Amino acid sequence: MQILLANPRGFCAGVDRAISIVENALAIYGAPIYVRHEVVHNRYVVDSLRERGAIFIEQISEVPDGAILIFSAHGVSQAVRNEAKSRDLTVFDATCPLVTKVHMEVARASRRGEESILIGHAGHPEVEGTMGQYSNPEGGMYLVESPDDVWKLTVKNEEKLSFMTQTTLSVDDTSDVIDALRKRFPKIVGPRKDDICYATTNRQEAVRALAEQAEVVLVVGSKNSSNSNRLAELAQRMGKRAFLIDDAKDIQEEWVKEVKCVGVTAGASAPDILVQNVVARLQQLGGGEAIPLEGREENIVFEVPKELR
């Protein structure tokens, strides 16, 4: 069996920064460090950090007075930020810069009282945070997930309307939503293409190339990682069996019995040690040396704040 590895795969710049923020806080201040939400959506990274003294909460009401609190990479609403700010808390913000860029635009639209539409998945923490930048009652902030959502939406003033997207969507399904938004609201303003980040766009491009060669694709990533689920979905829609797995223990032998080419990739929040263990398990099941595919180069790094060096 041939093993092919997608390139790029695995950690993006926002995930490597966010995890460094928590580890550096642990190293500078000791346990416990409180973290609002999973720092990133990966069970191995979160379990790692829990065992070293990070405590992951959903609500600021779970954090004690005087504590150090870190917001996760996905961002937080103004309400959450204000709630932390009103409490005794020392706050470090691990929001990815590419989520913050979208937040600044929604805040701008809110100040102007002009309505905004976000394309994204209901209940995802990034969507809560981004919708949570809009507060002006005179405007409006609306969520759409699909063309049908667009076809049902009514707004107050379609001459003054803008749109934004979540960072970790399907490039192709988002393009379909934007085509619908422009047909329904021809004066709508947005970015040139979408707010999907370089890491999401690149990993989807890489998994497309992987699935063109592989019969079965394994995507290393947790169930609640949006971007990881998009990579599995992309390969499934190409007619390949594709599985989202957290680690090598999840691989079922039947998925690769008599398969001649298996592809492996990883979402933006999955560490490379998990992909190494997956390759080791595929080699127990008959695979050879893993062959990395040629891929688009990534060169972006985001530094931790100087306070946490």
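In case it trips you up, residue 1 is the first one in the sequence shown, and so on.
- Mean CA temperature factor is higher for 75-83 when stretches 229-237 and 75-83 are set side by side in the entry.
- Between the stretches 61-69 and 37-45, it is 61-69 that shows the larger average CA temperature factor.
- Per the deposited record, 187 carries the highest C-alpha B-factor of all listed residues (208, 101, 121, 187).
- When the C-alpha B-factors of 259, 279, 251, 266 are read from the PDB record, the largest value belongs to 259.
- When the CA B factors of the chain's modelled residues are split into thirds, the value for residue 214 lands in the middle one.
- The entry lists a Cα temperature factor for residue 28 that places it in the highest third of the chain's modelled residues.
- Placement of the Cα temperature factor of residue 114 within the chain: highest third of the modelled residues, per the deposited record.
- Among the modelled residues of its chain, residue 147 has a C-alpha B-factor that falls in the middle third, as given in the PDB entry.
- In the deposited entry, the Cα temperature factor of residue 89 places it in the highest third of its chain's modelled residues.
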